[PDB]
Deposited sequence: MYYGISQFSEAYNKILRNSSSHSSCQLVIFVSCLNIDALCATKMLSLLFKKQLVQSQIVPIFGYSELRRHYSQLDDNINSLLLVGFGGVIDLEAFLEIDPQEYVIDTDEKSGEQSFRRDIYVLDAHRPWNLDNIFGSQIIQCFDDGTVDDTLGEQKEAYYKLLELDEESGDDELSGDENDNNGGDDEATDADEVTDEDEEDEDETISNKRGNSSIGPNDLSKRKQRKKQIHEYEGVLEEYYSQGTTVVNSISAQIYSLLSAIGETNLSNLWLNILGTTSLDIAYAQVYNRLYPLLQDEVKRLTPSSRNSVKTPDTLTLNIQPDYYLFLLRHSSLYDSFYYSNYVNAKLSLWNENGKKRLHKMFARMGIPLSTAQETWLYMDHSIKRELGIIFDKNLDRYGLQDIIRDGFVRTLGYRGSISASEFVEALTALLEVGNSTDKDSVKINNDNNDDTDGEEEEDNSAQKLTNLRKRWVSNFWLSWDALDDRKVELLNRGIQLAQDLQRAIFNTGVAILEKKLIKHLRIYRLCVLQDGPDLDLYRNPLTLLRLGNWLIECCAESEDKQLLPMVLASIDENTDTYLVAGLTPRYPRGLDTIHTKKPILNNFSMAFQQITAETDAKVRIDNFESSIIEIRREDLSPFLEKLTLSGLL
């Protein structure tokens, strides 16, 4: 079943009722380990259940591999389980091996455990929405507004001459690619507003989770932005070294401008590298032609943001408004949200998102159970990002700014070498990029960095029109273990990506194909991120793997 937007407080009361039936902890929140919207949403929830004494418990969940294991170990005392950031697209009852009668132990149908799903991913799995009482999803209004034809085709659950092509209806429905259509933190903030629990810390966590959607679903962030600015505009209390004040200021779409330099904010932007192609040499000259036309000398633009003259910083606004659109970089001009704690330096929400992403990926900076070394590194990367959400832990936020700058620079140098060597070759249904060693930071033994290099290659490369709609497969050989690390990327929708008249790729469920091929490949290390991505195979297993991939959906 599902709850409408109106029923959010009703479902919240159901959780607050069942979890406060005993001093013992009977509330568990399963957090999607590596996405900021889920990270901040559970922080809002825990703080809600902490500002109000409900014993909660946070469990980072990396993938459906970890979901099945962690659920099978839930002590029976837990009558309320929250899945934040995942689970909506799969049949949770079937996957969790749940018999609804084993849980039947007033009104409706009451179970010993309620499993709520707070997930902004789409499409909804129709069993979670229409064929389950114990699975209780927090809906966006997506079901009431869009799923009419699929609900009818689903409720043709006849079992018993004449024929029924509702199968074709559900086939087209489940052949859509996975997308994100909302912010979980924005939904949590709507619950806090309905129950009157909106402090400035909750709004900041709401802004953080929503801002983290701008990197891959920009038009979702653009849709939720007016209500964010409406809240910030509303709260107008006009001290403490802990006073939290939010303010709407220009927050330009450059890479950590206020924490590096005006030159490096451009040079390391994936947006301006897509519009200028800085990886070659003709492109960098045009960045210098841009600064020259701006009247900003290079030596001043390359000064650190602190040392740079304020005279330029106060003219940066108007300078951007007259020079940028000539180079097709108008999207740099952007208003954002800025948080200040007492009288320390201010931090941006987009800058905050950059630090949380670096902490989540490289926070701590026998291939059997060597995955455990990855598991323990990932959950501690989660708790570092969880601790960074404490306002008093400014040291963690500032190290993430440094990791993000070191991470992006390494990604830039590797991708520039890949683009200038023309390594990405082009097959019918996917693009292939085979890396050898890679002399920069870590051979991509750290698997999350390989995904970021792929997204970098997808973003900053030109590759015409007919072609960036294609997924990208990346293989990185580890000459020490003689193994490949293989990852599959579907192109997403960042801020600077033109969206008009363009069409979704006809084969938008490539991650489904990539998952099916890995499930029949001898993986020496099998990594399960929620959208099916990374495995480690022997060198001689890569050739059959890529060959099978070209046959996806044929027979």
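Comparing the deposited sequence with the modelled residues, the stretches lacking C-alpha coordinates are 106-110, 166-227, 306-310, 438-460.
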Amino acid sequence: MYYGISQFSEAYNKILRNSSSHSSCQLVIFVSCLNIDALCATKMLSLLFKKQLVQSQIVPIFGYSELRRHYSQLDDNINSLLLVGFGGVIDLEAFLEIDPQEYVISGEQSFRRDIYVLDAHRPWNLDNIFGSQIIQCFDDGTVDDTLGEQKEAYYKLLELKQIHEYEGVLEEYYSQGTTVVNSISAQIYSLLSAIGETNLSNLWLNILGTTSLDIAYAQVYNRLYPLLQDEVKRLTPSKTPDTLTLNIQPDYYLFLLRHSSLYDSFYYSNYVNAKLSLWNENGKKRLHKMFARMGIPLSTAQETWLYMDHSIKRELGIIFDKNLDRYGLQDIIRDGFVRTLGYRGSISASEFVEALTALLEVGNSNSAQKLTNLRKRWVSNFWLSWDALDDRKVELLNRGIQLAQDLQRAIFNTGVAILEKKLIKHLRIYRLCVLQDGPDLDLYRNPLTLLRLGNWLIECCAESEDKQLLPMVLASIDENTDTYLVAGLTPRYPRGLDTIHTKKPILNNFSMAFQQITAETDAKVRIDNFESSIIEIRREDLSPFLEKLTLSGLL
From here on, numbers count along this sequence of modelled residues.
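With 130-138 and 443-451 compared on mean CA B-factor from the PDB entry, the stretch scoring higher is 443-451. Between 431-439 and 76-84, it is 431-439 that carries the larger average Cα temperature factor according to the deposited entry.
Per the deposited record, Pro297 carries the highest C-alpha B-factor of all listed residues (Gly336, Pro297, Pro123, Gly196). The top Cα temperature factor in the record, among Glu108, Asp119, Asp331, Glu93, falls on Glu108.
In this PDB entry, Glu531 carries a Cα temperature factor that places it within the highest third of its chain's modelled residues. Ranked against the other modelled residues of its chain, the C-alpha B-factor of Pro226 as given in the entry falls in the middle third. Annotation for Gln55: C-alpha temperature factor in the middle third relative to the rest of the modelled chain, per the entry. Residue-level temperature factors show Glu351 in the lowest third of its chain, judged at the C-alpha atom.
For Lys503, the recorded CA B-factor ranks within the lowest third of the chain. Only modelled residues enter the ranking.
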